[PDB]
Every structure is written in C-alpha cells, then in structure tokens.
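Presented below is the structure to which this report refers.
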Amino acid sequence: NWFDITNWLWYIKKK
Amino acid sequence: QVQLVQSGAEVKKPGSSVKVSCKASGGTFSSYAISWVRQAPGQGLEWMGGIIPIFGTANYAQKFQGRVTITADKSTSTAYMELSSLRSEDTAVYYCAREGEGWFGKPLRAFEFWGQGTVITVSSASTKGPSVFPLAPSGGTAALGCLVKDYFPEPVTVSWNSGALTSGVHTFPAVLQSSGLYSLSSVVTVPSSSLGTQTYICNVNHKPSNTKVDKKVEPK
Amino acid sequence: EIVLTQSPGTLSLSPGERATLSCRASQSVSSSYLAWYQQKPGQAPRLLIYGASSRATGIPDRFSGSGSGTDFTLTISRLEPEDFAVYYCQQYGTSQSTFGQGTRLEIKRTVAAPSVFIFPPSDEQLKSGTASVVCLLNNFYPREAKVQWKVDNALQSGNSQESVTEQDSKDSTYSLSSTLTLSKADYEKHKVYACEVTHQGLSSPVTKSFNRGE
C-alpha cells in the first residue's frame, strides 16, 4: 500500500 | 503546528491548464505525504492523488491519470497540483491535505491537516459585474431585499447598512443560469414601523469585476 | 477499486439523541484503514477518526468508530449543536483512496410554516427588457417545500430557479428564494402574478399574488 510507505520511512529513520 | 496555505482562486477556460500551490509550514516536510482532494459544488469529496516529497515518484488516481501532475518543491516546502485539458466538471474546490502526525514522529494515514481550498472555476463566460435591483417591501414584520443578477464569476459579498444589520439576513446561494452567469438574492426582515425612518442599503462587492454597488431599498 | 457506500443519505436528529452512520465497502479494507471526516458548510473537512476506531487529537470521546472489513460505523453518543454537519468515510487500504458520497446530519425540530412574500420586478430592471419576480419562503421546517408560479392563473415551467439557504444556527429553519424570469413584453401583457407554496404545517397551499399596474 502507498499509504504505508510514509510509515516505513519513519522506521529506519528512528529505529 | 502544521499549516497548509494554498494559492488564490482561478478562472480557467475549457481545454486549458491550471496549477495550484500548497505551501506547508511546521514540522518535517520530506517524509510526509501530501494529498489533493477536490469537491464540486453540491457533490462530495474526491481523492485525486498524493506525493511523498522525498521521492519524485507520486501516486495518482486511476481516473485522473493523463491529466494530473503532482510535484513537490522541497526548496520552498510547497506542493503543486496541475490539471490539464480542463472541462466544466473540473469546477470544484481543490483542497491540499497532509497526513496526520501522531505520537513522536510516527505518521498517521488519514488527512488531519488541510488547506483553505482553491476555488477553480472552469467555464467559458466572460467576467461581468452584477445588476443589483431593489426588492421593495409592500406580526409587524416587513421583508425587503436586493436581487444580485447576472455576474461572473463567484462570489459576490452582500451586506446590509454597510454591514451593521445582520439580524434576519438571508443571503441565498447563487444559481448558475444557462448563460454561464450567476445570480443570487439577499433578503432581510425588519420591523414594519422602521420602514419610514430607517434607511436600508444593500452593499454588493464583486471582486473579480471590481464592482461595488450601494442600492438603497425603500418601500412602495 | 473499492466503492464506499454511506448510509443513510440524510439523518434528522435532535440535540442529545444518539447518531449512527454506516459505511459499507465493496471489498475488504486492509488493516481497518478507514477514516471518518466531518465537514461544515464553507469549511474544509475536519478529521474525526482514523484507523476505523482510533480517535484523532482534540476530538471528544463521544465520537466512536467500530467495524472492520466491509462494514464500519461512526457513533455519536450524545449530540450537540456543533455536531450537525456532513460526514464522510474514506478508505486507504489500497493505493487508490476513495471517499463516500456523504451523510448529512441535520437538526430535527417542530414543523415550522414558511412566511411567503412576493416581490414584483423593479422599474430599473423593467427598463432593461427583463422582469424578474421573486417569491420568498422565510424560516420553515422541514426543508422540503414546493413553489409554483402562476401568470394569469397559467402555470409556468422552465423559466424559474430556486435556491435554499443552509441550516439556520439559531432557529434551525430553512428559507427559499424562487426567481421567475420573463421578458418585458410578456410581463406587460399579463395582469396577475402569483406564487403558490405547498409545505408541511400548512392546511392548504398558500398563494401570494400581486396585480401588475397597481
């Protein structure tokens, strides 16, 4: 899903 | 927090193209998707597409593929929506939305932040000022008004007594006539005893045509 | 891809009553990716619920989301005057996001009769070659009304346009303006001009008329 991409970007940024 | 400011209204001709901007302010800009939603007069919401500014690749609605170009300018933190081959059905209010920000940086997917909306009027009529006519009045309540007929485009602002009279005011929505022009009416109920002693002036301001009218309505 | 259907179309409820709006999806929505928005006239849509049930920031807990898959529900426990607006649902489980057609939630009050007024065309407009008669239906409820124009007792068709105001924020009533457009010659040829209003709370349709030339 496209609307999940913006969440994946948050992961590797903060994880 | 996050604020989205869009560009002013626009009046385009069929077949041409229009471009709307959306300047964001506050928070992160690269890793948050910006979407565009239109809404025709009387109709409902409609998703057109989105873009994650950190990527050049966007995500458009299959219905609009071939006419919509959504690009983001990270240098100015501004999203752009462009529509080509315009038709009268494209006459709508174009909102620019941004996904919600939850706890910490974890983003939501629903559209929490919104812009004020850009009124895109796709038509072929020429700019024209309205003709203001007095609706003269003939328990003790008297209704009077002004007919704001034949103007293009929307909108026209109406007030009574330079805006000092608000109680009982009914400014009706405009009706698009078959000639491409618009027309609306504004009425106000007042005590019948105050007809022969109070002056009622309806103020019409049509900004696109730079037309101000102060029509004095007096009973017959 | 996914077609959202909202129910009901229009909902008439009183302040303090319980509200329930349904949003059905043609297919299953992945991970309950459903959101509810509220929109008031002249303003932008305001987010209420995301993730089918999670409440947004600053939203009172009287809004509650439920459901998943093909059916979702927005529940407003106790209604307040600032809760009456248009409500939309939106799925984002697929890359092709879509919205519902909308559920308008208006205020229910006692039947209010319209005040009927009639305005002849102004002399300034008469010297322009067109005569516009106006019929005003001030402050009534419900919204459903019927206006008919009679030029010398002959009914008109395809020559009048009406407009209805939004819901009044004080008395919860509606108003209607009907404009009848005729040519100057057709106006000066006839005599009586009347507007007949049929509406609830009226024993029979009320006719407001004037005679041209007096």
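Order determines the names: the first chain of the structure tokens is A, the second B, and so forth; residues in each chain are numbered 1 upward, and ligands are numbered 1 upward as they are shown.
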
Using only C-alpha atoms, what table do you get, as JSON lines, when you list each residue of chain A with an atom no more than 8 Å from chain B, its nearest pair of atoms, and their distance in Å rounded to one decimal, rows by chain then rising number?
{"residue": "A:2", "atom": "CA", "partner": "B:59", "partner_atom": "CA", "distance": 7.6}
{"residue": "A:3", "atom": "CA", "partner": "B:109", "partner_atom": "CA", "distance": 6.0}
{"residue": "A:4", "atom": "CA", "partner": "B:109", "partner_atom": "CA", "distance": 7.8}
{"residue": "A:6", "atom": "CA", "partner": "B:32", "partner_atom": "CA", "distance": 6.0}
{"residue": "A:7", "atom": "CA", "partner": "B:107", "partner_atom": "CA", "distance": 6.1}
{"residue": "A:9", "atom": "CA", "partner": "B:31", "partner_atom": "CA", "distance": 6.5}
{"residue": "A:10", "atom": "CA", "partner": "B:106", "partner_atom": "CA", "distance": 6.2}

Sorted by chain and rising residue number, list the residues of chain C at most 10 Å from chain A (counting only C-alpha atoms), each with its closest atom pair and distance in Å to one decimal, as a tab-separated table.
residue	atom	partner	partner_atom	distance
C:30	CA	A:1	CA	9.1
C:33	CA	A:3	CA	9.6
C:92	CA	A:3	CA	6.9
C:93	CA	A:1	CA	6.7
C:94	CA	A:1	CA	5.5
C:95	CA	A:2	CA	5.0
C:96	CA	A:2	CA	8.6
C:97	CA	A:3	CA	9.2

Which residues of chain B sit at most 8 Å from chain C, using only C-alpha atoms? Give each one's shortest atom pair and distance in Å (one decimal place), in chain and ascending residue order, as JSON lines.
{"residue": "B:43", "atom": "CA", "partner": "C:101", "partner_atom": "CA", "distance": 7.8}
{"residue": "B:44", "atom": "CA", "partner": "C:101", "partner_atom": "CA", "distance": 5.7}
{"residue": "B:45", "atom": "CA", "partner": "C:99", "partner_atom": "CA", "distance": 6.2}
{"residue": "B:46", "atom": "CA", "partner": "C:99", "partner_atom": "CA", "distance": 6.2}
{"residue": "B:47", "atom": "CA", "partner": "C:98", "partner_atom": "CA", "distance": 6.0}
{"residue": "B:59", "atom": "CA", "partner": "C:95", "partner_atom": "CA", "distance": 7.5}
{"residue": "B:60", "atom": "CA", "partner": "C:96", "partner_atom": "CA", "distance": 7.8}
{"residue": "B:61", "atom": "CA", "partner": "C:96", "partner_atom": "CA", "distance": 5.9}
{"residue": "B:62", "atom": "CA", "partner": "C:96", "partner_atom": "CA", "distance": 7.4}
{"residue": "B:95", "atom": "CA", "partner": "C:44", "partner_atom": "CA", "distance": 7.7}
{"residue": "B:108", "atom": "CA", "partner": "C:50", "partner_atom": "CA", "distance": 7.8}
{"residue": "B:109", "atom": "CA", "partner": "C:92", "partner_atom": "CA", "distance": 7.5}
{"residue": "B:110", "atom": "CA", "partner": "C:50", "partner_atom": "CA", "distance": 5.9}
{"residue": "B:111", "atom": "CA", "partner": "C:47", "partner_atom": "CA", "distance": 6.6}
{"residue": "B:112", "atom": "CA", "partner": "C:47", "partner_atom": "CA", "distance": 5.3}
{"residue": "B:114", "atom": "CA", "partner": "C:44", "partner_atom": "CA", "distance": 7.0}
{"residue": "B:115", "atom": "CA", "partner": "C:44", "partner_atom": "CA", "distance": 7.4}
{"residue": "B:116", "atom": "CA", "partner": "C:44", "partner_atom": "CA", "distance": 6.5}
{"residue": "B:117", "atom": "CA", "partner": "C:44", "partner_atom": "CA", "distance": 7.2}
{"residue": "B:133", "atom": "CA", "partner": "C:122", "partner_atom": "CA", "distance": 6.4}
{"residue": "B:134", "atom": "CA", "partner": "C:122", "partner_atom": "CA", "distance": 6.4}
{"residue": "B:135", "atom": "CA", "partner": "C:119", "partner_atom": "CA", "distance": 5.8}
{"residue": "B:136", "atom": "CA", "partner": "C:119", "partner_atom": "CA", "distance": 6.8}
{"residue": "B:137", "atom": "CA", "partner": "C:119", "partner_atom": "CA", "distance": 7.3}
{"residue": "B:143", "atom": "CA", "partner": "C:117", "partner_atom": "CA", "distance": 7.5}
{"residue": "B:170", "atom": "CA", "partner": "C:165", "partner_atom": "CA", "distance": 7.4}
{"residue": "B:171", "atom": "CA", "partner": "C:165", "partner_atom": "CA", "distance": 7.5}
{"residue": "B:172", "atom": "CA", "partner": "C:165", "partner_atom": "CA", "distance": 5.4}
{"residue": "B:173", "atom": "CA", "partner": "C:163", "partner_atom": "CA", "distance": 6.2}
{"residue": "B:174", "atom": "CA", "partner": "C:163", "partner_atom": "CA", "distance": 7.3}
{"residue": "B:175", "atom": "CA", "partner": "C:163", "partner_atom": "CA", "distance": 6.9}
{"residue": "B:185", "atom": "CA", "partner": "C:177", "partner_atom": "CA", "distance": 7.3}

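Once residue B:67 and its same-chain neighbours fewer than 5 positions away are set aside, residues 82, 83, 84, 85 and 86 of chain B remain within 9 Å of it when counting only C-alpha atoms.
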